[PDB]
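Structure first, then comments.
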Amino acid sequence: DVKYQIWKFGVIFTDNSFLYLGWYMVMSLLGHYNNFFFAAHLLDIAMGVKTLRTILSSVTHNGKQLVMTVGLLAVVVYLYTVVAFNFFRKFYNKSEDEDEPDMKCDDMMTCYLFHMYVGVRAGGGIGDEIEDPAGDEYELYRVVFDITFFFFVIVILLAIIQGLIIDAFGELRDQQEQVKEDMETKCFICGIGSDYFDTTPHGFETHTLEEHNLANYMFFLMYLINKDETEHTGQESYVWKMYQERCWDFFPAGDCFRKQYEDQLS
Amino acid sequence: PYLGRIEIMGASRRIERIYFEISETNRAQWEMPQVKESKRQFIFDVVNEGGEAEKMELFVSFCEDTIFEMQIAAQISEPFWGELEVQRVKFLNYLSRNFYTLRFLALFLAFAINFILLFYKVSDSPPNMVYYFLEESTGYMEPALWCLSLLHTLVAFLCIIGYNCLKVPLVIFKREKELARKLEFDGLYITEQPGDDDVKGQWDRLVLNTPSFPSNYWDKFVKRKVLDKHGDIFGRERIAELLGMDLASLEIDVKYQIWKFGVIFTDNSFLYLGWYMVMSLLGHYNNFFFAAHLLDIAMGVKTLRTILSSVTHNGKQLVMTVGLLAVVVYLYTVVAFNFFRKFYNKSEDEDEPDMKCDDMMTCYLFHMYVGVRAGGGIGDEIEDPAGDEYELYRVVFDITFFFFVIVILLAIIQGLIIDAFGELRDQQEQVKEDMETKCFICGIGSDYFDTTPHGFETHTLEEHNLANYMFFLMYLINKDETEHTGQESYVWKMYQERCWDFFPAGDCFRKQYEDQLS
Ligand SMILES: Nc1ncnc2c1ncn2[C@@H]1O[C@H](COP(=O)(O)OP(=O)(O)O)[C@@H](O)[C@H]1O
Ligand SMILES: Nc1ncnc2c1ncn2[C@@H]1O[C@H](COP(=O)(O)OP(=O)(O)O)[C@@H](O)[C@H]1O
Ligand SMILES: [Zn+2]
Ligand SMILES: [Zn+2]
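Residue numbers (the deposited numbering), protein chains in the order written: chain B, 4772 to 5037; chain A, 4176 to 4254, 4540 to 4587, 4626 to 4750, 4772 to 5037.
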């Protein structure tokens, strides 16, 4: 069946894990061409180690926010670059030798490159790099320039990144806590809270382990699938029909054996 | 689908079901994404900073604003003086329809222009005055920039016009509605009088006498109603002259335009668009003014605006923390100016000393400029104190500066931003939790309705749909009063009296007829 084989191969080749393993095989081939391609397999620790993957989830949880924050930093550095290129061209000379000047803000492209490369990697901003403004008619304007750069880009715009990562840690933690709290508070199948079943000691534990075990529901589906239809009992056939019709009305929703026969049992 | 149902508390003092027809146009307008976003914003605002006392008043006002917006959208939707008028109205409708696409186009043009401006240079010689010329090998970039600047100014003007034709009517409608309510139910200009410090009320004083005071507001009888309410106490001729009404004609507009223009020019979004147009004009004078349009990304991109909300949430705390840093650096400056003047010499050459703490002004400037931008504080900059009688005092000086200013006073800023992230997150979570736990209209929790499977979902989708309440208000407003049924007239009267006692509060059809249904 060549048509079915082609379809299956397309589906397989559109699969992310298979593509990752193929990339692993490709870099392993290229290692023989140049052994240092084997360093691209160290990145497999992120996919392998669950601790590393969980740590990197803090980075990737707010990934779009991080990208937008980097773009915002790029925009604001462009604004500072424009202001420098129009008013502070003299201070950007990075040559001690007077034989040749090396002014780095006589072009918008090179001044933006200089800003994005040194002003954001400097601890004090661009004023760490450029000429001292003391004894100049633009001294107050240039100290405002430098200190606003330091406040907005160095402090605020990296505090945003750190806060995004910290908030990712906290958000993932509270997501896990909320999942655990919901699971241990209400029954998965029927939704009745543990407060109802706790009237009987260990009532919720008994109900979830025995009465409404999702493992038991999975095993019953296995039983139905692997049992011949001719030998299904009445209730087995009823569930089999409801399953073939994709109607999940045989799952007890908000009701249980205890709640139904409370009058008789008590 | 077209059959909407709501529950009200009727004249029989029990919950009742009202059935009415919903138009497909109105349903589509409700499903529109902008209307959905406005609804979500209203829900968040009310749940975060609202209470039960005024929640229904706020909800009714929101419904009225939504109805007016739907009317505007329906009007602008597209199916010798006459020809030019048809051309003008068609053009204005096109602008109103494509306002948001024009705003996106203006943002794209700003990005294109600012990318072109990255090929700029400065030259002393023409291509001691300096010459600014855009250098590019191909040379098509100069005509591209010229045409892009012209097109950008045109698009900004078109954005202003589209705003004036699309969003201004809602501002005027809200203004007139609020004035009518506070004039008829509070006697704002009949008994209370404005406080003379409310510029809003003082300027609204100009529109009472106008022959066309309500023009977007659909309450045509506002003047007659306020006259009937306040005449028997405050006279009738006085009320008639206040409202510009002729009593004789009751039985058997440059002033309004000025008031509307003042209200429009006091509007923040219109002022921002005017500033955009002004900087677009100044771009032709000096192309680099087009870099002030990059700031429009904050107003445009929702992701960027949400990120910047972390900065602006604790803005006053940030400003106060900067002022505190300034005060403490002043204290350190005073201590330096009195005890450590020698160490602040910033000249290697012995020919001339450059001591930077022989004046309080220059020492404060030096501290605020270098000690807070240095990683180790002021001791990174000033002379080493080793082998001096003030060595211990000066190491205490430097290390206290490093601890308090460098560490503590920037950790405060970072903690303010992080706490802003967390606080906004928990605000969103609390709003979602409240909305999914209790019914918006009646307040009965989901625990009650969950006894029936999918009971809360059924109740919120069908029994107490706030969308259904909004649609019923549309139905009442657009239906003639003579053909109102009994319950429709009851709700219409309670609505005209601004009494929200027909909203079922703590009661529902299920809770009322539980005995009979079970
Ligand atoms: N229908 C359900 N079936 C099984 N466990 C349930 C169900 N509803 C709630 N739970 C709860 O799920 C939790 C999972 O614990 P357990 O069943 O021991 O599995 P595991 O430790 O592998 O997660 C228990 O506290 C249990 O009470
Ligand atoms: N009176 C109400 N009308 C509508 N939704 C309500 C009401 N009270 C609570 N809700 C809840 O509001 C939530 C909003 O979801 P939904 O109605 O699908 O709208 P959307 O997804 O656009 O926010 C639902 O979980 C719903 O149960
Ligand atoms: Zn259960
Ligand atoms: Zn309700």
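Backbone N, C-alpha and C define an ideal beta-carbon position, used for all residues, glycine too.
(request) Could you name the residues whose beta carbon sits closer than 6 Å to any heavy atom belonging to ligand 4, keeping them in chain order? (result) A:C4958, A:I4960, A:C4961, A:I4963, A:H4978, A:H4983, A:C5027
(request) Check each residue of the region 4904-4937 of chain A: if its Cβ is closer than 7 Å to any Cβ of chain B, include it; give the result in chain order. (result) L4929, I4932, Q4933, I4936, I4937
(message) Any contact between the region 4893-4900 of chain B and the region 4881-4895 of chain A? By contact I mean 3 or more CB pairs, one from each, below 8 Å.
(response) yes
(request) Starting from B:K5030, follow the alpha helix (DSSP H) in both directions and report where the run begins and ends. (result) 5028-5031
(message) The beta strand (DSSP E) that contains A:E4982, what's its start and end?
(response) From DSSP, A:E4982 is part of no beta strand (DSSP E); its letter is neither H nor E.
(request) Check whether the region 4939-4952 of chain A touches the region 4981-4998 of chain B, taking contact to mean three or more Cβ pairs, one atom from each stretch, closer than 8 Å. (result) no
(request) For A:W4778, count neighbouring C-beta atoms within 10 Å of its own C-beta (all shown protein chains included) and say buried if the count is 16 or more, exposed if not. (result) buried
(message) Considering only heavy atoms of ligand 3, does any lie closer than 8 Å to the CB of B:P5023?
(response) yes
(request) Out of A:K4550, A:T4241, A:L4985, A:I4242, state which residue places its alpha-carbon closest to the alpha-carbon of A:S4252. (result) A:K4550
(message) To the nearest angstrom, how far is the alpha carbon of A:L4801 from that of A:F4559?
(response) 23 Å
(message) By the three-class DSSP mapping on this structure, what secondary structure does A:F4631 have?
(response) strand
(message) Just to check my reading of the structure: A:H4728 and A:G4685 have Cβ atoms closer than 8 Å, yes? What is that Cβ distance to the nearest angstrom?
(response) 6 Å
(request) Please classify A:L4813: does DSSP put it in a helix, a strand, or coil? (result) coil
(request) Go through its chain and collect everything with a Cβ distance to B:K4821's Cβ below 7 Å, but skip five positions before and after it. (result) none
(request) Check distances from the C-beta atoms of the region 4888-4899 of chain A to those of chain B and list, in chain order, the residues that come in under 7 Å. (result) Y4888, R4892, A4893, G4894
(request) Output, in chain order, the set of chain A residues within a Cβ distance shorter than 8 Å of B:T4840. (result) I4826
(request) Measure the C-alpha to C-alpha separation of A:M4639 and A:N4806 and round it to an integer number of angstroms. (result) 13 Å
(request) Have a look at B:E4902 and A:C4645 and give me their C-alpha separation to the nearest angstrom. (result) 38 Å
(request) Output, in chain order, the set of chain A residues within a Cβ distance shorter than 9 Å of B:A5024. (result) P4972, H4973
(request) Look at the alpha carbon of A:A4203 and the alpha carbon of A:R4679, and state the distance between them as a whole number of angstroms. (result) 30 Å
(request) Write down the C-beta distance between A:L4706 and A:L4741 rounded to the nearest angstrom, noting that I regard them as a contact closer than 8 Å. (result) 6 Å
(request) Note the first and the last residue of the continuous alpha helix (DSSP H) segment covering A:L4725. (result) 4720-4732
(request) Could you please give me the residues that DSSP links to A:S4583 through a beta bridge? (result) A:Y4629
(request) Just the chain A side, please: which residues come within less than 7 Å of B:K4951 by C-beta, in chain order? (result) Ordered by position in chain A, no residue passes the 7 Å Cβ test against B:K4951, which lies about 17 Å from the chain.
(message) When you measure from the CB of A:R4215 to every non-hydrogen atom of ligand 2, does any distance come out below 8 Å?
(response) yes
(message) Taking the straight line between their C-alpha atoms, what separation do you get for A:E5016 and A:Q4691?
(response) 22 Å
(request) Leaving aside the five residues before and after A:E4196 along the sequence, list all residues of the same chain whose C-beta is less than 6 Å from its C-beta, in chain order. (result) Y4177
(message) Is B:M4954 near ligand 1 - that is, is its Cβ less than 8 Å away from at least one heavy atom of it?
(response) yes
(request) Work out the CA separation of A:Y5009 and A:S4187 for me, nearest whole Å. (result) 11 Å
(request) For A:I4573, go through chain B and note every residue whose CB falls closer than 7 Å to its CB, in chain order. (result) Chain B residues near A:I4573: none, gap ~12 Å exceeds 7 Å.
(message) Using a Cβ-Cβ distance cut-off of 9 Å, determine whether A:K4581 contacts chain B.
(response) yes
(request) Output, in chain order, the set of chain B residues within a Cβ distance shorter than 8 Å of A:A4810. (result) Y4849, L4850, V4853
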